[PDB]
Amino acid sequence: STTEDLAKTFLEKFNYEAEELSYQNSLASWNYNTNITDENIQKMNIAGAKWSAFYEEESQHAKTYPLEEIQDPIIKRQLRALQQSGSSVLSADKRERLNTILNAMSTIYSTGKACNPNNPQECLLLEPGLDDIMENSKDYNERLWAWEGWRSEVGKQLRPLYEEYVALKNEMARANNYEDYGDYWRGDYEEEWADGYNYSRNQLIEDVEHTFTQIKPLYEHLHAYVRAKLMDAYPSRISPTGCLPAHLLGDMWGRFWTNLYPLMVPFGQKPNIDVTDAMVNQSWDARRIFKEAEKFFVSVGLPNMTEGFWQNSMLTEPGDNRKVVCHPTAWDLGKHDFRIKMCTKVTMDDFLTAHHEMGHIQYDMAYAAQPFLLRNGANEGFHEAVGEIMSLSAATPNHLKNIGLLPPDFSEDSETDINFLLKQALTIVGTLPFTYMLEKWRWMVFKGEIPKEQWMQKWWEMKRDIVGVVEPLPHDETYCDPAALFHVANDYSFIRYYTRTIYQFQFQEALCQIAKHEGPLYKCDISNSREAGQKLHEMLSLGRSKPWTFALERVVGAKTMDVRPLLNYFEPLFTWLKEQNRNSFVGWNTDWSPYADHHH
């Protein structure tokens, strides 16, 4: 009769149908990831077709029920998520063309090669060959031709495809009643109605801009320390007051600075804590690693893994030449079928990864009772934030002593802690300006504030100003350097890596006060605190049933993202960096470049 009554029955039928078809799609995809065979690609592709064809029919039919006539919030949330459409709103020719461009850009990125200018037979793909150069080489000229060749040979192919990509995607978003494709992506953070828990799409822009201005002091001192250490690694190549050359940052793009750590170890005589040998000396195996990760979550008041987890997960590589995807992943297939697939080895890195991935499973187990459409993180950044904080506590010397991987008399060393915090900052802090500037450029491109004749001009002006990074060779508009990163060429939003990092330290600081942690935040271990786990479970069980502002408030008492917990975590490093940069310039001029030696 009423519109809300009709939609309530519609959503119930949808949930049970989606439960069955999505389960078969996840099961088929799982059977491929654990048994790579052409047949398993076919059965996986059939499962994706039925599930996608079902979702398109149900999404269109959801538009029959006007939201204005729906009053219940839970029915309203499910309906809105289902009414949201994508490429289907375009006419058939524009829809076909966009799919053709998406496939083209993806295959160019995964099959494009750059050839060695000195050895023209050596032409390398990115993922094996070019990454190896950009992640391990210490030679200025070898990193240069890999950085330049990847953008001149592959990036220039993507430039005309990306220009049509922006126009077609902008039309798709506007037909969905958004301003542009950037406003469309920022809808992922939109929360529509509540008791002040609302969140406009424009609010994400301000919160990102506001939190970033507070990051800049810490980043500049990290930038200043890295610069002084890179001048020694590359003599006469880097200006002491200028920007960092883009091809010397540890990867193809400067996304993370982790691989610069061996060039700038604060105290090279102190080795970092590595409990691999203690694991091997105590005869640990992959099963013990996940039993210990399971024990950790039990210590904080969370349940054990299900019987299905232990019987169906692939915790080791099979080794009968069953070709397998070894990327560590946590699977919620539905129907309370939780599995982890990772080729675990007896190391400390996989030990930390096991806690990280099981944290994903704990999240999945928590919101299992929610309706189908509401079984996800509060927003796109919550799941990885929950997983990361698990790795923070499990890696602490306090937690390693309690499980017997460190001696009971183990004494902590500040120089060792500084080595730990710097390596963390090269990964965590170094990526925040990169991520923020990349998404800002995309947002401005989608909006039209950067015309096509200025794409590359504004790319490197923003790279210089915001990131303190300078291109080693001048790039005109025949280039498309942003498209040379996976997430840009493969049509993935990128701001999630920014927000996830803010969220995870908000979670950590909140739970560490509940866990009664005294002292610096980076030493906190939430182990054995059932109050910390019970508070976190309050939010995990919400899934996506409540606004993400509400879910964030339940753990940390604040309704919006706050970078001060992040700065608090790195405050001991901030103090050490400021004293190390006393005789070094902090900041950068945007006038210098390696193709032009001028400071004004």
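Numbers for residues come from their place in the sequence shown, where the first is 1.
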- line: Comparing mean C-alpha B factor in the record for 401 to 409 and 508 to 516, the higher one is 401 to 409
task: Would you determine, from the values in the PDB entry, which of 110 to 118 and 167 to 175 has the greater average C-alpha temperature factor?
output: 110 to 118
query: Looking at 440, 452, 383, 247, which has the biggest Cα B factor in the entry?
result: 452
task: For the C-alpha B-factor as written in the entry, point me to the maximum among 252, 228, 79, 368.
output: 79
Chain thirds of CA B-factor: placement of residue 478: middle
Modelled-residue ranking by C-alpha temperature factor, third containing residue 533: lowest
query: According to the PDB entry, is the CA B factor of residue 10 in the bottom, middle or top third of its chain, that is, lowest, middle or highest?
result: highest
Residue 556 CA temperature factor, ranked by third within the chain: middle
- prompt: What third of its chain, lowest, middle or highest, does the C-alpha temperature factor of residue 46 fall into?
  reply: highest
